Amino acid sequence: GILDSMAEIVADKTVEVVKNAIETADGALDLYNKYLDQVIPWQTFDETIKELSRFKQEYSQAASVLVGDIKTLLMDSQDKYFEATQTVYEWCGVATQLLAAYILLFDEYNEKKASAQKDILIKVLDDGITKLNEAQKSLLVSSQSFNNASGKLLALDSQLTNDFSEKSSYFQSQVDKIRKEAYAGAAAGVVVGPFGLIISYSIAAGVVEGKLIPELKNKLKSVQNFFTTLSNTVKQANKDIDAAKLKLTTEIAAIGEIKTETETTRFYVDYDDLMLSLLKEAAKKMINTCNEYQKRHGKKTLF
């Protein structure tokens, strides 16, 4: 009959809205779970931060100051990324229990359980909008610190090019120290130079002319290359975090729009077996995303 046809269309509309609600929320979480946690090499930044003090006493005073400023700024970018992560973690801890209640409310269904499901899903979306907008502020400061680190790294590149050029007083003082050390290392046959360099007594003492400078230049180039590598990594990371932040603004707005349509949706509809599977499966998929995310970020128990 006519009434039945209308009921079926309303029920399919409800399934569509709900499935969209959940997938939209899950899609925003994946900008953290998949994009931000896996695309940017946070562990590489951590290992880098831990090693920036190596050979610190060997740099010129001016390069040393920039190295210290760069370390401090990368530490802040990491810090603010982990602050965004905790806020998202808080949303996940709540979303998982509410999505599990949602799935369970389908059992021995009735109008009260449908009304419970509707407000429970709306809370997941509302909490998501609130937490994701707070985390957006953290991502912006993470981004600003990567951008500031890029300016400092450009200034260090210019500083190191000066210091490491053959005519500078810094470079000349490095050679003079190796010459002095060559006499003390003659019996050993070995001379320990700058930035971990180890060279033979013959090279350090100039036994064959024109051979010490190139060896020293080679080692300094390796130091300069470490910072060019880091510079490339910071620039890419700044663009990727900005791209994630922009997609998050779009998805947070998409959560708000689907939340409004969910608010005017009847949940107490006749869900056939295929409709129940579609909704239950959507909710379970987001629960698995929340569990994978909280586990990566240290949660010890598994929901």
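One rule holds for the numbers: they count along the sequence shown, beginning at 1.
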Assert higher mean C-alpha B factor (64-72 or 49-57, deposited values) equals 49-57
Average Cα temperature factor in the PDB entry - higher stretch of 106-114, 228-236: 106-114
Residue set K123, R179, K137, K167, per-entry CA B-factor max assigned to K167
Say you rank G210, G185, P194, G93 by Cα B-factor from the PDB entry; which sits at the top? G210
Could you tell me which third, lowest, middle or highest, the C-alpha B-factor of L276 occupies within its chain? highest
Would you mind ranking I129 by its C-alpha B-factor against the rest of the chain and naming the third, lowest, middle or highest? lowest
Assert third(CA B-factor, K259) within chain per record equals lowest
Can you tell me whether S222 has a C-alpha B-factor in the lowest, middle or highest third compared with the other modelled residues of the same chain? highest
Give the position of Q172 by CA B-factor within its chain, expressed as the lowest, middle or highest third. highest
